[PDB]
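Shown below: coords-v5.pdb, with PDB, C-alpha atoms and all ligand atoms.
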ATOM      1  CA  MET A   1       3.513  -9.442  -9.642  1.00  0.00           C
ATOM      2  CA  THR A   2       0.482  -7.235  -8.897  1.00  0.00           C
ATOM      3  CA  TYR A   3       0.273  -6.009  -5.315  1.00  0.00           C
ATOM      4  CA  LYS A   4      -2.582  -4.010  -3.737  1.00  0.00           C
ATOM      5  CA  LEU A   5      -2.846  -1.247  -1.171  1.00  0.00           C
ATOM      6  CA  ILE A   6      -6.046  -0.668   0.846  1.00  0.00           C
ATOM      7  CA  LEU A   7      -6.173   3.016   1.784  1.00  0.00           C
ATOM      8  CA  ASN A   8      -8.134   3.233   5.027  1.00  0.00           C
ATOM      9  CA  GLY A   9      -7.212   6.796   5.944  1.00  0.00           C
ATOM     10  CA  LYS A  10      -9.224   9.650   7.443  1.00  0.00           C
ATOM     11  CA  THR A  11      -9.783  11.388   4.069  1.00  0.00           C
ATOM     12  CA  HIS A  12      -8.323   8.861   1.530  1.00  0.00           C
ATOM     13  CA  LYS A  13     -10.207   5.617   1.011  1.00  0.00           C
ATOM     14  CA  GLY A  14      -9.842   3.144  -1.833  1.00  0.00           C
ATOM     15  CA  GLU A  15      -7.287   0.793  -3.302  1.00  0.00           C
ATOM     16  CA  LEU A  16      -4.177   1.150  -5.459  1.00  0.00           C
ATOM     17  CA  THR A  17      -2.175  -1.537  -7.308  1.00  0.00           C
ATOM     18  CA  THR A  18       1.481  -1.743  -8.247  1.00  0.00           C
ATOM     19  CA  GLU A  19       3.765  -4.033 -10.263  1.00  0.00           C
ATOM     20  CA  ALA A  20       6.776  -5.251  -8.262  1.00  0.00           C
ATOM     21  CA  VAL A  21       9.378  -8.018  -8.167  1.00  0.00           C
ATOM     22  CA  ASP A  22       8.774  -8.616  -4.449  1.00  0.00           C
ATOM     23  CA  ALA A  23       6.805  -7.410  -1.399  1.00  0.00           C
ATOM     24  CA  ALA A  24       9.543  -5.053  -0.133  1.00  0.00           C
ATOM     25  CA  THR A  25       9.653  -3.312  -3.537  1.00  0.00           C
ATOM     26  CA  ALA A  26       5.876  -3.012  -3.707  1.00  0.00           C
ATOM     27  CA  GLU A  27       5.975  -1.423  -0.207  1.00  0.00           C
ATOM     28  CA  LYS A  28       8.390   1.275  -1.512  1.00  0.00           C
ATOM     29  CA  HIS A  29       6.045   1.992  -4.477  1.00  0.00           C
ATOM     30  CA  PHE A  30       3.006   2.251  -2.203  1.00  0.00           C
ATOM     31  CA  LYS A  31       4.808   4.489   0.362  1.00  0.00           C
ATOM     32  CA  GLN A  32       5.535   6.933  -2.514  1.00  0.00           C
ATOM     33  CA  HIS A  33       1.836   6.957  -3.548  1.00  0.00           C
ATOM     34  CA  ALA A  34       0.667   7.282   0.049  1.00  0.00           C
ATOM     35  CA  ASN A  35       3.108  10.183   0.655  1.00  0.00           C
ATOM     36  CA  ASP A  36       1.818  11.807  -2.561  1.00  0.00           C
ATOM     37  CA  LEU A  37      -1.726  11.743  -1.069  1.00  0.00           C
ATOM     38  CA  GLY A  38      -0.595  12.924   2.424  1.00  0.00           C
ATOM     39  CA  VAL A  39      -1.687   9.550   3.888  1.00  0.00           C
ATOM     40  CA  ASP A  40       0.154   8.820   7.133  1.00  0.00           C
ATOM     41  CA  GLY A  41      -1.020   5.749   9.117  1.00  0.00           C
ATOM     42  CA  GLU A  42      -0.306   2.187  10.290  1.00  0.00           C
ATOM     43  CA  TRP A  43       0.933  -0.314   7.637  1.00  0.00           C
ATOM     44  CA  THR A  44       0.265  -4.048   7.537  1.00  0.00           C
ATOM     45  CA  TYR A  45       1.020  -6.611   4.850  1.00  0.00           C
ATOM     46  CA  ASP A  46      -0.800  -9.902   4.096  1.00  0.00           C
ATOM     47  CA  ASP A  47       1.182 -12.210   1.783  1.00  0.00           C
ATOM     48  CA  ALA A  48      -1.816 -14.543   1.062  1.00  0.00           C
ATOM     49  CA  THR A  49      -3.547 -11.660  -0.816  1.00  0.00           C
ATOM     50  CA  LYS A  50      -0.397  -9.589  -1.614  1.00  0.00           C
ATOM     51  CA  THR A  51      -2.310  -6.744  -0.008  1.00  0.00           C
ATOM     52  CA  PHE A  52      -0.980  -3.871   2.094  1.00  0.00           C
ATOM     53  CA  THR A  53      -3.328  -1.841   4.350  1.00  0.00           C
ATOM     54  CA  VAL A  54      -2.592   1.673   5.662  1.00  0.00           C
ATOM     55  CA  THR A  55      -4.935   2.874   8.454  1.00  0.00           C
ATOM     56  CA  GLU A  56      -4.830   6.473   9.795  1.00  0.00           C
TER      57      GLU A  56
HETATM   58 MG    MG A 101      14.029 -10.558  -0.046  1.00  0.00          MG
END

Mind turning the file's structure into structure tokens?
Amino acid sequence: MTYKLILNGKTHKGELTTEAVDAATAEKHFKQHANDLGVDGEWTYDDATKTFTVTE
């Protein structure tokens, strides 16, 4: 399924998507992307919209 990440960081803003079998797997994909960008914040997940948010 397609999951989304809302980047709501100090310098990085925007949204990324990933393809994943489940929410836990998507979270791993998004953590890798976030780490790549140096984004380091508070994570939440909403299953109704399959959307993660990371806020710095
Ligand atoms: Mg499970």

Please evaluate the PyMOL selection byres (((chain A and resi 33-42) around 7) and not hetatm) against the structure above and give the resulting residues as a PDB file with C-alpha atoms, keeping the file's coordinate frame.
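File written: part.pdb
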ATOM      1  CA  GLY A   9      -7.212   6.796   5.944  1.00  0.00           C
ATOM      2  CA  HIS A  29       6.045   1.992  -4.477  1.00  0.00           C
ATOM      3  CA  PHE A  30       3.006   2.251  -2.203  1.00  0.00           C
ATOM      4  CA  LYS A  31       4.808   4.489   0.362  1.00  0.00           C
ATOM      5  CA  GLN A  32       5.535   6.933  -2.514  1.00  0.00           C
ATOM      6  CA  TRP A  43       0.933  -0.314   7.637  1.00  0.00           C
ATOM      7  CA  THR A  44       0.265  -4.048   7.537  1.00  0.00           C
ATOM      8  CA  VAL A  54      -2.592   1.673   5.662  1.00  0.00           C
ATOM      9  CA  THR A  55      -4.935   2.874   8.454  1.00  0.00           C
ATOM     10  CA  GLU A  56      -4.830   6.473   9.795  1.00  0.00           C
TER      11      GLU A  56
END

Next item on the list: Would you kindly return, as a list in words, each protein, DNA or RNA residue with an atom no farther than 12 Å from any atom of residue 20 of chain A, considering all atoms listed in the file and excluding same-chain residues fewer than 3 positions away?
Entry: residues 1, 2, 3, 4, 17, 23, 24, 25, 26, 27, 28, 29, 30 and 50 of chain A

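From atom CA of residue 46 of chain A back to atom CA of residue 16 of chain A, the distance works out to 15.0 Å.
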
Next item on the list: For residue 5 of chain A, work out the shell of residues within 6 Å, counting all atoms listed in the file and skipping chain neighbours fewer than 4 positions away, then give it as JSON, numbers by chain.
Entry: {"A": [15, 16, 51, 52, 53]}

Once you have the residues from the selection above, write them out as a compact mmCIF listing (two decimals), keeping the file's coordinate frame, restricted to C-alpha atoms.
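File produced: again_11.txt:
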# COMPACT_ATOMS: atom_id res chain seq x y z
CA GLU A 15 -7.29 0.79 -3.30
CA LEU A 16 -4.18 1.15 -5.46
CA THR A 51 -2.31 -6.74 -0.01
CA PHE A 52 -0.98 -3.87 2.09
CA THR A 53 -3.33 -1.84 4.35

How big is the axis-aligned box around the listed atoms of segment 23-36 of chain A once 6 Å is added on each side, and where is its centre? Give both in Å to one decimal, as JSON.
{"center_x": 5.2, "center_y": 2.2, "center_z": -1.9, "size_x": 21.0, "size_y": 31.2, "size_z": 17.1}
